[PDB]
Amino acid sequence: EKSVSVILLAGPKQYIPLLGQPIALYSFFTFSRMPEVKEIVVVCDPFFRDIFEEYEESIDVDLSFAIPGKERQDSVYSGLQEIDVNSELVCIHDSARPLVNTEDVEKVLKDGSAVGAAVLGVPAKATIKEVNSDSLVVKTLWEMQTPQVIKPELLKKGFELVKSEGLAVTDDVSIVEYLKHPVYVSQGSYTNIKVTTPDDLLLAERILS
């Protein structure tokens, strides 16, 4: 209980309402009601702080804020600077995923605690293949979602390594890929979609019923 700090990424499609509520507030509330969660560090343009700020006394978590940066990793880093000095786990979530299930958050938190780093994923349904520089097929794949859950010292070491040795950040689990620590893939739900265009918004409404 109160061992997890959520970094909620909300640096605009994550504020378009879903049944009257901005998309970013759904996951915000899902996390707030979990007794595991001590605090939520919201990463957002200060223009939208109000959207979250209205609910501070009514939620049972500490609310903090962080300034976004140029790339997703910069926004992750900024949020990381604000967590309780004794948080055992950081839980990084894309606010564009409003429909994440509490049960799946529970699973990835559990796996993150056990393993050190964990991320929600689902089996990739489509035929997906590695392709080389000459456009030829190179002769189980999982699609990643969020939360991404990691022990703060682990993530700090990852940022430290990328920084000092000047490494290339390419995708959403690139930083830990440079470390030798294992990353567990917690099996999630296909309903935990990223809601970035009006067609997704419609999906979200059907899932919400």
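One-based numbering along the sequence shown.
According to the PDB entry, the deposited sequence contains 10 or more residues between residue 11 and residue 12 that lack coordinates.
Of the two stretches examined, 146 to 154 and 60 to 68, the record assigns the greater average C-alpha temperature factor to 60 to 68.
Higher mean CA temperature factor between 69 to 77 and 88 to 96: 69 to 77, per the PDB entry. In the deposited coordinates, the residue among 168, 42, 173, 37 with the greatest CA B-factor is 168. When the CA B factors of the chain's modelled residues are split into thirds, the value for residue 55 lands in the highest one.
The entry lists a Cα temperature factor for residue 183 that places it in the lowest third of the chain's modelled residues.
Among all modelled residues in its chain, residue 26 ranks in the middle third by Cα B-factor.
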